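>>> so I've got this experimental structure, pasted below with the sequence.
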Amino acid sequence: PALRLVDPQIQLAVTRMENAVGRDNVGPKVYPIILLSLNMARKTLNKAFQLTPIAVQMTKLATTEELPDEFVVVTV
Amino acid sequence: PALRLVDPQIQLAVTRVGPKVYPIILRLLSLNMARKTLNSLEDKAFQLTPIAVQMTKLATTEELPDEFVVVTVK
């Protein structure tokens, strides 16, 4: 009931073990995201985790022409 | 509420340049791979494929990697 394209700066890397010796060989690939908060994290002190938020800009879609040939849907 | 280590086979690629990938962790849904594939003679339809999202409950915080991302649902 709600659709929008996540800015290409953020894409999902996907892998499937089940189709290694099975297929042929799907690899690890990055795919755009179609649709909360997110934070990128790092180690600082002895156990401490710094994090900074990354702003996810999205573009609302209207035409199916905007939809690429390979992407990933994520529902909320 | 505990955090969830997301399947490392599923990792987030951040470019914003330095394109690096990071594990995903969850604070508290579905996932659909979408390819064209469906040929036909005039127009190409879309093949959807749900992927199994296998999360594991995190034991100790020492298990966390030095670089990762956290996503919040509600």
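Arrived safely, thanks for sending. Residues are numbered from 1 along each chain as shown, chains lettered A, B, ... in the order given.
>>> wait, what's in contact with the most centrally placed residue in chain A?
The residue lying closest to the centre of chain A (C-alpha atoms, centre = their mean) is residue A:12, at 3.1 Å. Taking C-beta atoms under 8 Å, 6 or more residues apart in numbering or on different chains, we find residue A:12 in contact with A:30, A:31, A:32, A:33, A:72, B:10, B:11, B:12, B:13. In this view, the C-beta of every residue, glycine as well, is placed from N, C-alpha and C.
>>> recalculate using a threshold of 7 Å.
If a contact means C-beta atoms under 7 Å, 6 or more residues apart in numbering or on different chains, then residue A:12 has A:30, A:31, A:33, A:72, B:10, B:12, B:13 as its contacts.
>>> from those, which ones fall inside strands?
The strands, defined by DSSP state E, take in A:30, A:31, A:33, A:72, B:10, B:12, B:13 from those.
>>> for chain B, see how far away the residue lying farthest from the centre of chain A is.
Centroid-distance maximum for chain A: residue A:46 at 30.7 Å, with C-alpha atoms, centre = their mean. Residue A:46 sits 11 Å away from chain B when distances are taken as C-beta to the nearest C-beta, to the nearest Å.
>>> and for residue A:30?
Distance from residue A:30 to chain B, by C-beta to the nearest C-beta: 5 Å.
>>> what parts of chain A come near chain B?
Selection of chain A residues close to chain B by C-beta under 7 Å from any C-beta of the partner chain yields A:9-17, A:30, A:36-43, A:47, A:49, A:51, A:54, A:69-76.
>>> report the buried members of these.
Buried by 16 or more other C-beta atoms under 10 Å in any protein chain shown: A:10-16, A:30, A:38-41, A:71-73, out of those.
>>> which two of these have the greatest separation?
A:16 and A:39 (27.1 Å; C-beta to C-beta).
>>> which residues are in contact with the residue nearest to residue A:29 when sequence neighbours are not counted?
Distances taken as C-beta to C-beta, 6 or more residues apart in numbering or on different chains place residue A:14 nearest to residue A:29, at 6.1 Å, with adjacent residues excluded. Residue A:14 is in contact with A:28, A:29, A:31, B:10, B:51, counting by C-beta under 7 Å, 6+ apart.
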